[PDB]
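S.K.: Data file run30.pdb (PDB, C-alpha atoms) is appended below.
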MODEL        1
ATOM      1  CA  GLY C 420       0.000   0.000   0.000
ATOM      2  CA  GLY C 421       2.318   2.696   1.298
ATOM      3  CA  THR C 422       4.470   3.911   4.164
ATOM      4  CA  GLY C 423       1.317   4.875   6.021
ATOM      5  CA  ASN C 424       1.973   8.221   7.664
ATOM      6  CA  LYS C 425      -0.249  10.377   9.842
ATOM      7  CA  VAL C 426      -0.571  14.135  10.151
ATOM      8  CA  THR C 427      -2.076  15.875  13.157
ATOM      9  CA  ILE C 428      -3.207  19.487  13.117
ATOM     10  CA  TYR C 429      -4.399  21.373  16.174
ATOM     11  CA  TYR C 430      -6.198  24.646  15.559
ATOM     12  CA  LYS C 431      -7.227  27.062  18.286
ATOM     13  CA  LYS C 432     -10.964  27.249  18.857
ATOM     14  CA  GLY C 433     -11.914  30.701  17.629
ATOM     15  CA  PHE C 434     -15.381  29.796  16.412
ATOM     16  CA  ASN C 435     -16.649  26.528  17.839
ATOM     17  CA  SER C 436     -16.882  24.168  14.890
ATOM     18  CA  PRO C 437     -14.321  25.371  12.338
ATOM     19  CA  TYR C 438     -13.553  23.247   9.301
ATOM     20  CA  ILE C 439     -10.124  22.246   8.050
ATOM     21  CA  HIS C 440      -9.470  21.283   4.449
ATOM     22  CA  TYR C 441      -6.497  18.989   3.980
ATOM     23  CA  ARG C 442      -5.024  17.291   0.934
ATOM     24  CA  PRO C 443      -2.244  14.691   0.778
ATOM     25  CA  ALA C 444       0.487  15.428  -1.738
ATOM     26  CA  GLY C 445      -0.684  13.300  -4.641
ATOM     27  CA  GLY C 446      -4.146  12.768  -3.209
ATOM     28  CA  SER C 447      -7.492  14.533  -3.333
ATOM     29  CA  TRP C 448      -8.976  17.373  -1.319
ATOM     30  CA  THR C 449     -11.398  16.596   1.483
ATOM     31  CA  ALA C 450     -15.153  17.073   1.427
ATOM     32  CA  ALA C 451     -15.327  20.851   1.279
ATOM     33  CA  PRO C 452     -15.606  22.603   3.392
ATOM     34  CA  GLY C 453     -12.640  20.511   4.467
ATOM     35  CA  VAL C 454     -13.498  18.540   7.581
ATOM     36  CA  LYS C 455     -14.828  19.677  10.937
ATOM     37  CA  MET C 456     -11.907  19.768  13.342
ATOM     38  CA  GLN C 457     -12.414  17.481  16.314
ATOM     39  CA  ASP C 458     -12.588  18.841  19.842
ATOM     40  CA  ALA C 459      -9.294  19.612  21.539
ATOM     41  CA  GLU C 460      -9.520  19.295  25.304
ATOM     42  CA  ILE C 461      -6.225  21.157  25.235
ATOM     43  CA  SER C 462      -8.273  24.074  26.507
ATOM     44  CA  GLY C 463     -10.728  25.154  23.836
ATOM     45  CA  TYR C 464      -8.963  23.989  20.697
ATOM     46  CA  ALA C 465      -9.547  21.719  17.723
ATOM     47  CA  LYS C 466      -7.760  18.587  16.574
ATOM     48  CA  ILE C 467      -7.539  16.917  13.185
ATOM     49  CA  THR C 468      -5.777  13.765  12.051
ATOM     50  CA  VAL C 469      -5.218  12.965   8.394
ATOM     51  CA  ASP C 470      -3.198  10.108   6.949
ATOM     52  CA  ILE C 471      -0.847  10.692   4.042
ATOM     53  CA  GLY C 472       0.343   7.124   3.620
ATOM     54  CA  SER C 473       1.782   7.794   0.183
ATOM     55  CA  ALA C 474       2.650  11.470   0.440
ATOM     56  CA  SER C 475       5.758  12.932   2.032
ATOM     57  CA  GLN C 476       3.670  15.983   2.841
ATOM     58  CA  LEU C 477       0.078  17.101   3.260
ATOM     59  CA  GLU C 478      -1.667  20.425   2.771
ATOM     60  CA  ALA C 479      -4.137  21.940   5.206
ATOM     61  CA  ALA C 480      -6.564  24.844   5.157
ATOM     62  CA  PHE C 481      -8.533  26.749   7.769
ATOM     63  CA  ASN C 482     -12.145  27.838   7.471
ATOM     64  CA  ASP C 483     -14.832  28.853   9.936
ATOM     65  CA  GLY C 484     -17.161  26.897   7.684
ATOM     66  CA  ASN C 485     -19.248  30.030   7.291
ATOM     67  CA  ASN C 486     -17.721  31.972   4.423
ATOM     68  CA  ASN C 487     -14.244  32.749   5.702
ATOM     69  CA  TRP C 488     -11.300  30.588   4.713
ATOM     70  CA  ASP C 489      -7.577  30.850   5.345
ATOM     71  CA  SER C 490      -5.023  29.047   3.211
ATOM     72  CA  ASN C 491      -1.420  30.157   2.876
ATOM     73  CA  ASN C 492      -3.014  33.579   2.614
ATOM     74  CA  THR C 493      -4.950  32.392  -0.414
ATOM     75  CA  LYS C 494      -3.559  29.071  -1.579
ATOM     76  CA  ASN C 495      -3.107  26.353   1.016
ATOM     77  CA  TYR C 496      -0.742  25.403   3.814
ATOM     78  CA  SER C 497       1.727  22.539   3.649
ATOM     79  CA  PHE C 498       2.886  20.266   6.446
ATOM     80  CA  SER C 499       4.957  17.119   6.805
ATOM     81  CA  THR C 500       3.910  13.982   8.646
ATOM     82  CA  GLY C 501       3.750  14.492  12.393
ATOM     83  CA  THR C 502       1.917  17.047  14.498
ATOM     84  CA  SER C 503       1.395  20.728  13.785
ATOM     85  CA  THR C 504      -0.388  23.522  15.611
ATOM     86  CA  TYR C 505      -2.441  26.256  13.986
ATOM     87  CA  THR C 506      -3.040  29.590  15.676
ATOM     88  CA  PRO C 507      -4.770  32.774  14.498
ATOM     89  CA  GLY C 508      -2.691  35.870  13.853
ATOM     90  CA  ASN C 509      -3.446  37.469  17.200
ATOM     91  CA  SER C 510      -2.230  40.818  15.921
ATOM     92  CA  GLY C 511      -0.892  41.153  12.396
ATOM     93  CA  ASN C 512      -0.121  37.532  11.609
ATOM     94  CA  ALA C 513      -1.672  35.473   8.838
ATOM     95  CA  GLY C 514      -2.330  32.068  10.354
ATOM     96  CA  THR C 515       0.605  30.781  12.367
ATOM     97  CA  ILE C 516       1.739  27.182  12.061
ATOM     98  CA  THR C 517       3.885  25.263  14.518
ATOM     99  CA  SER C 518       5.540  21.860  14.593
ATOM    100  CA  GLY C 519       4.148  20.015  17.591
ATOM    101  CA  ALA C 520       0.966  20.139  19.636
ATOM    102  CA  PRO C 521       0.739  22.756  22.397
ATOM    103  CA  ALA C 522       1.669  21.854  25.953
ATOM    104  CA  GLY C 523      -1.011  23.929  27.638
TER     105      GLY C 523
ENDMDL
END
Can you dump the structure from the file as structure tokens?
M.R.:
Amino acid sequence: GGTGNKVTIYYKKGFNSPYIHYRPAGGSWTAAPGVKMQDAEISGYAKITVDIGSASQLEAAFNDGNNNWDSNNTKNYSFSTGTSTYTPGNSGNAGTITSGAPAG
């Protein structure tokens, strides 16, 4: 089949039920609007796990599900197998991405 990799993305809860559109390098996009990010007990966050067993990288996108999206400004974010954290530009940032879930 493939190497079978997994990609975790944790986005801060800024809405309640925000959607996240992800696409494995060489795969297909998710059911737009992306997929509803699971609940992150972290402390009011969201979690999402997507497998890329066949892709060395996977793209992700943020969207409130309403009518506001957020992808690499206006394209789509890219992440490599593992765990990444997504936070809103609390100031003048344009969607911040980190490598590794938050530790509270």
S.K.: Residue by residue, what does the PyMOL selection byres ((chain C and resi 423) around 7) grab here? Present the result as a PyMOL selection string.
M.R.: chain C and resi 421-422+424-425+470-473
S.K.: List the residues selected by the PyMOL selection byres ((chain C and resi 455) around 6) in the file shown, writing them as a list in words.
M.R.: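 Expected selection for the PyMOL selection byres ((chain C and resi 455) around 6) here is residues 437, 438, 454 and 456 of chain C.
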S.K.: Have a look at CA of residue 431 in chain C and CA of residue 445 in chain C and let me know their distance in Å, one decimal.
M.R.: 27.5 Å
S.K.: Between C:493, C:420, C:428, C:483, which one has atoms that come closest to residue 518 in chain C, using all atoms listed in the file?
M.R.: C:428
S.K.: Distance CA of residue 448 in chain C-CA of residue 485 in chain C, one decimal place?
M.R.: 18.4 Å
S.K.: Translate the PyMOL selection byres ((chain C and resi 496) around 9), as applied to the file shown, into an explicit residue set as a list in words.
M.R.: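 Answer for the PyMOL selection byres ((chain C and resi 496) around 9): residues 441, 477, 478, 479, 480, 481, 489, 490, 491, 492, 494, 495, 497, 498 and 516 of chain C.
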S.K.: Between CA of residue 502 in chain C and CA of residue 522 in chain C, what distance in Å does the model show, to one decimal?
M.R.: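 Going from CA of residue 502 in chain C over to CA of residue 522 in chain C, I get 12.4 Å.
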S.K.: Residues near residue 463 in chain C, anyone? I mean within 10 Å using all atoms listed in the file, not counting same-chain ones fewer than 4 positions away, as a list in words.
M.R.: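 Counting all atoms listed in the file, the residues come to residues 430, 431, 432, 433, 434, 435, 458 and 459 of chain C.
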S.K.: Counting all atoms listed in the file, figure out which residue out of C:482, C:488, C:449, C:467 gets nearest to residue 504 in chain C.
M.R.: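 Answer, going by the shortest atom-to-atom distance: C:467.
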S.K.: Which is closer to residue 429 in chain C than all the others in C:499, C:447, C:462, C:506, using only C-alpha atoms?
M.R.: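 Going through C:499, C:447, C:462, C:506 one by one, the smallest distance to residue 429 in chain C is for C:506.
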S.K.: Would you please work out which residue, of C:500, C:427, C:510, C:436, is nearest to residue 452 in chain C when using only C-alpha atoms?
M.R.: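 Distance minimum relative to residue 452 in chain C lands on C:436.
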